[PDB]
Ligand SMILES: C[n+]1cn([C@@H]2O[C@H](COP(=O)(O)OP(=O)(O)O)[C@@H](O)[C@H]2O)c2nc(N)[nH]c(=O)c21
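Given next, in structure tokens, is a single chain: the form deposited without this ligand.
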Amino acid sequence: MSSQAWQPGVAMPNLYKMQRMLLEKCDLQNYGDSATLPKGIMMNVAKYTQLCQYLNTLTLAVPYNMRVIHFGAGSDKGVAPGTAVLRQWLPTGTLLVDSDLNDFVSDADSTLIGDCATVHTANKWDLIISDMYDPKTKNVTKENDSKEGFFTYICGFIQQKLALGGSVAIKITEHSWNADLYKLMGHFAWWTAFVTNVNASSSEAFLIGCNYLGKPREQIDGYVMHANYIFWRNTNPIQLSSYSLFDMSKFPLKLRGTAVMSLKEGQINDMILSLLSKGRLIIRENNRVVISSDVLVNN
């Protein structure tokens, strides 16, 4: 019905990001409703498809031999639907690694099983996707404070292992959020909170940071920004829609061939920071991709 029902989802408008709201409870109008999925399509396939459809509109850096890591890729079904959508979306030959606490079968090039804090990589990454979520986090009886857990790992992983010019998409909800992650969005050339039209009845969103700069371009109070996000969701009902799932002719991520360079910190200048902000440069080593998971040994 509404004009955005034909879009893959809705991004948080800029004016809501500039407010100073206090944190309120999230009360969605269309809460409890569900979108009508195409026959036989899982919710997570539809959700990831609309996420990738929206990422197609941004200035993602897409180099040759791209490296993507996907946290929280397992489901209670033992398979990885989000990884399958990512592998369809990403160019052929893209190295895709996924991980989850519980065992699962996936189409990724390599899979690590265990808590994300046990995951270590020698190389940097061009794109980080996280669907990590703890269902015990939704507790409406207690105060809604900033959460640690895997969010503490994700913040450190981005600052250490995300290449300059890379991007992220981290799943959050009303209660599953972290103030430092919002603050880290100010280290990208651009950021938003994206709600898929297929899951618009949920407080879930994907925090998207576009083109990592490795330095704060803008100072963001994480506690205030999450309150701004909830205020947007509370006052902007989003109509559930699966319309964008029916047109996949333009789905694959475009082969841009973004240049990869290995640079020292001092070499970064405004001209290169401009190339990073436009998605026309990735800064990282081009060595081999090596990963590992720490194993605690006990009786």
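The term rigid core refers to the maximal set of C-alpha atoms that superpose within 1.5 Å between the two forms. Throughout, we count residues from 1 along the sequence that is shown. Residues that one form lacks are left out of the comparison.
This next part talks about the form solved in complex with this ligand, which is not shown.
- Site check by superimposition: this ligand, modelled from its position in the entry with it bound, clears the backbone and C-beta atoms of this form, with no atom inside 2.4 Å, and the site reads as open.
- Proximity of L96 to this ligand in the entry with it bound: non-hydrogen atoms within 4.5 Å are absent; the residue sits far from the partner.
- Taking the partner from the other structure, this ligand in the entry with it bound has a heavy atom within 4.5 Å of a heavy atom of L58.
- Of the heavy atoms in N211, some are within 4.5 Å of this ligand in the entry with it bound.
- Interface residue remark: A189 is counted as part of the site for this ligand in the entry with it bound, having a heavy atom within 4.5 Å.
- Looking at 269-291, the one residue that comes within 4.5 Å of this ligand in the entry with it bound, counting any heavy atom, is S277.
- Core-superposed comparison between this form and the one not shown: among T92, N139, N102, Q160, the single residue whose C-alpha moves by 2 Å or more is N139.
- Comparing the conformations between this form and the one not shown, with the rigid core held fixed, yields only the displaced run 138-141, spanning 3+ consecutive residues whose C-alpha shift is 2 Å or more.
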